[PDB]
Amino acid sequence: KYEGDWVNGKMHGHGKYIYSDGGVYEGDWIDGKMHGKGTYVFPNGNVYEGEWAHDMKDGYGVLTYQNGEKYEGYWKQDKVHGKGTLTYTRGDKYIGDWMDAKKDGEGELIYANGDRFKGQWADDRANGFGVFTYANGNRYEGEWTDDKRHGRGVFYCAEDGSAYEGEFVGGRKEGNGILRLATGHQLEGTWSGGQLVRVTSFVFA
């Protein structure tokens, strides 16, 4: 069903269209394709209000999911792409680069609880250098692989004023590391499974 403007033999102008699956589009048409600005209500409850080109979401658009989520940002050919903000169901926001619907490039994750992250992303996960700052003041800085602390990094416990500098495997302190205390002293040791299992030396300030 179509209720709107016709030009030549195509839908062209403004009009509402009801799709075979039950979706509904109201907005701009050009040569029989969704093109310009219009809103689209999906059978699953998702709603898109934004810009279309050649029957696809393209340009700036807002997708209010029914599962509570909400994306505001840029699209190319029906996939989020470029700069955009995802507000998760429970308040957390991602703000940064997207590629083919995946977080890829540079981005922030601002959590509701006060925590905050900024770093490199790839394949929808933290991959590369990034800083995680907790609300209490704890902070990680270093390499990430697959959303986990992984590689060379520094973790600072704001409670004790101390900092670990060493390797991380799968989000856990692993191997030979340095433990710097607030007073400047260091402890060289070996970590396994994120736990200090052997102290080898005590270095002075």
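Numbering starts at 1 and follows the sequence shown.
- When the C-alpha B-factors of 62-70 and 167-175 are averaged, 62-70 comes out higher.
- Stretches 103-111 and 86-94 differ in mean C-alpha B factor, with the higher average recorded for 86-94.
- For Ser162, the recorded CA B-factor ranks within the middle third of the chain. Only modelled residues enter the ranking.
- The deposited CA B-factor of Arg125 belongs to the highest third of values across its chain.
- For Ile30, the recorded CA temperature factor ranks within the middle third of the chain's modelled residues.
- For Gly22, the recorded CA B-factor ranks within the highest third of the chain. Only modelled residues enter the ranking.
- Sorting the modelled residues of the chain by their CA temperature factor places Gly151 in the middle third.
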